[PDB]
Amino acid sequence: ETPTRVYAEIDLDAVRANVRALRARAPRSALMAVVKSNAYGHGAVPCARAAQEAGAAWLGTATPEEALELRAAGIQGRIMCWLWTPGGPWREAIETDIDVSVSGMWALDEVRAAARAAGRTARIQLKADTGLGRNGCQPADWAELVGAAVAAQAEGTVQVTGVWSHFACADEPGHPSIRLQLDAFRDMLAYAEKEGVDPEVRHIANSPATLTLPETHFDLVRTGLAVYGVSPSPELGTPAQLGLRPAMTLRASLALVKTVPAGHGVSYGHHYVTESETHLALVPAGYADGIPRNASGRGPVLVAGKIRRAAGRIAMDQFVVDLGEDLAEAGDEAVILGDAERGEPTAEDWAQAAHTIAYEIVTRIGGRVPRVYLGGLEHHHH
């Protein structure tokens, strides 16, 4: 009933509260909850269901499989996926009524042929590369793509339901690239409208833009991270300041507590040495579980009413902590990350420790780690 090694407790109520907090931030726009990568490590279906119930009108995933998984779980409503490769399940996605993004001619031709076999009109969204340089259509190819799209629409094969883009530095407030991208978007959106595209939705904002630039809202805001109670960056503030509540709490049970003499080496490479006769504790969770190895010696953990730092190298499935004089016993609970409001270490605390960003921390929590759900409605977790 309760994992005895390490587990992730997901508060579905924090999720519902967050999308409401976020919906109030962009009152004029609709909210798309991005649940890609297993809902950033929190569990795709349960979180998708919870977000929807709290007001999310759109669901967004990266791959078709992720979107199809949502459908197979009986989730209804608008869903969109944008990461496609030649040969993907165009037919299956069209038949399940999922909005697919198009960034190249190759994509448009595969969806057109698939809409035929399916015998239905595919809802496509044109992505413009306004400067990120990742996916999307470059300005110099936009004209051609927009034309091919309105033509495919005429043939009744597809129907352009949206025009969108994505920011590269929205998490860095006041970055010059932000404005440059927004203008490029406006100008590219305009050209599409004049040439014949009448989209249902116009969107470009992610979590950081949604929280900072209301001029980026438009018809839809694509919020991923903020929905799970984690702030895109310390620059924007803490989840507390943003009015967000962390949904994930990673817990582990101590596997051992013992006394060691001064001068004793701890873990691989012996990068840590006891300063005196002290009590060492073994946390049974390592990098294969999602604890970044790069956080060796820095990672914060709450054990015996005090924050402890990872003693030495973090291993594949465990790492040790120095309890100093304090005492604890095997089976005692240790909190690796949770709510700063409860005096626990947080996702950002670990991002700093591992020299990375909070995004990677929560998302990289291993499948080996069981998830336990609280809050939301009973049928949300299944």
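Note that residue numbering begins at 1 and tracks the sequence as displayed.
- When the mean C-alpha temperature factors of 145 to 153 and 289 to 297 are read from the deposited coordinates, 145 to 153 comes out higher.
- On average the C-alpha atoms of 71 to 79 have higher B-factors than those of the other stretch, with 219 to 227 and 71 to 79 being the two compared.
- You'll see in the entry that, of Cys169, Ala281, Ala128, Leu180, the Cα B factor peaks at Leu180.
- The entry assigns its greatest Cα B factor, within the set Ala311, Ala209, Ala255, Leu189, to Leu189.
- Ranked against the other modelled residues of its chain, the C-alpha B-factor of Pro27 as given in the entry falls in the highest third.
- Among the modelled residues of its chain, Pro64 has a C-alpha B-factor that falls in the lowest third, as given in the PDB entry.
- When the CA B factors of the chain's modelled residues are split into thirds, the value for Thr161 lands in the lowest one.
- Sort the chain's modelled residues by C-alpha temperature factor and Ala21 lands in the highest third, per the entry.
- Split the chain's modelled residues into thirds by C-alpha temperature factor. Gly324 is in the highest one.
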